[PDB]
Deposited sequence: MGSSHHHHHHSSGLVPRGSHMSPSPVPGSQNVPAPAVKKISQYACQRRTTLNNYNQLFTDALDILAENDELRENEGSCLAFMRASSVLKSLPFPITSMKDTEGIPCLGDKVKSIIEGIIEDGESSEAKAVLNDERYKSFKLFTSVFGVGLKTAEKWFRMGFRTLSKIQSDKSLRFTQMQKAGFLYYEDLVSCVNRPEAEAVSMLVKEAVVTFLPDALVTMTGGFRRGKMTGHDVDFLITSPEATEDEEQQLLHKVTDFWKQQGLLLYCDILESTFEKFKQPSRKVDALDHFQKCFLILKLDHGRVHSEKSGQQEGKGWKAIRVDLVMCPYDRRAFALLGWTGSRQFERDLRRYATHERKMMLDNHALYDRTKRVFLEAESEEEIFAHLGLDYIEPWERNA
């Protein structure tokens, strides 16, 4: 029996139901833009469970016994079986509010509130936004527009590895015992991503040394002329959202000779490294279900910093992700099996 929880399913990148899940992902994204949290969650859970299937749905009979497939979702699956397309997802792709919100929030520094403001002002294109004489932009948005074409092109594995080298070189200069781990999509086996994420931790660094590392690393890059954008502002761990200048010569896999890359660095206390690694590896749906399973099935409270047992009234310690899964009573799910 397929569990309703992503943390009790193995979800690899070989999706046999991309026709269904691409449509369900568009409908979920539209509900997120329209602030319809409930309908968003229903489409996300349905899409997630279909991603775990070891076979493609080819008839409505194939959906029997699958959880998280409500009547609305089954109508969408039925329609795709009928003519290979989703009329509902096609209408979203042609909707002016959906097109505008996707386009505006694709700019680094632009969220739902700014996207909504620009749409209600009558803006539909980034060219008209950028060239407007009355609009005032945040420092994040200015960087978002300046490096737009590089940031909107996907980061591949040779680029991610070239960034990892840069991060490690900088970090070990100030903390030689530091452990630097690539997290996010790339840790789950993905070939591409919109950014590169790293978890940094040090077994011997003091509270002050831990606090100063991201300032030291970014000042070092600022001096080297590689820091294009930097925000050291917050999970509750110290983190930074950056734009780094990646020289093409550093990539072992034409233009200006470099590419702007979105990089996120997270510094955590050594003792919480397993909780942080688990939270930053993802996927988003895998994390949501892990936390929901912990609460509803185990009366435990899980986040990126700790695991608390409400019955035993104790915090549970872990040196690895495997120990967290064991505390929760779950079979271990490998990072490449967390693509829920």
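The chain's deposited sequence has unresolved stretches at 1 to 38, 273 to 288, 308 to 313, with no C-alpha coordinates there.
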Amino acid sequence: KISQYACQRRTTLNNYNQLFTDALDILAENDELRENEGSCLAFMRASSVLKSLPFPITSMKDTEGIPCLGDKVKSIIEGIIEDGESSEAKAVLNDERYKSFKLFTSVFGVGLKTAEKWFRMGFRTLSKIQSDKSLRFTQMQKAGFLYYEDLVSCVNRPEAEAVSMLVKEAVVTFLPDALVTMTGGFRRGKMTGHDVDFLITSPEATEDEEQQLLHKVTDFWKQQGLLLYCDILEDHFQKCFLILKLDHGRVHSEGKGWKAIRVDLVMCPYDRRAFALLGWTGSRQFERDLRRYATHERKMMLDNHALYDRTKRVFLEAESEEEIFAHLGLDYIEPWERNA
From here on, numbers count along this sequence of modelled residues.
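Under this definition, the rigid core comprises the largest set of C-alpha atoms superposing within 1.5 Å between the forms.
A fit on the rigid core, followed by a root mean square over CA positions in 8 other deposited structures of this protein, ranks 32 to 40 against 290 to 298 and picks 32 to 40 as the more shifted one.
Residue 254, though modelled here, lacks coordinates in at least a third of the other entries of this protein that were compared and that model residues flanking it. Relative to one another, 148 to 156 and 182 to 190 have unequal mean CA B-factors, and 148 to 156 is the one with the higher figure.
Set 139 to 147 against 210 to 218 and average the Cα temperature factors; 210 to 218 ends up higher. Taking the deposited Cα B-factors for 100, 106, 86, 130, the highest one is held by 86. The residue among 295, 48, 283, 36 whose C-alpha atom has the highest B-factor in the PDB entry is 36. In the deposited entry, the Cα temperature factor of residue 234 sits in the top third of values across the chain's modelled residues. Per-chain ranking of the deposited C-alpha B factor places residue 72 in the highest third. Per the deposited record, the Cα B-factor of residue 60 falls in the highest third when ranked against the other modelled residues of its chain. In this PDB entry, residue 262 carries a Cα temperature factor that places it within the lowest third of its chain's modelled residues. For residue 195, the recorded CA temperature factor ranks within the lowest third of the chain's modelled residues.
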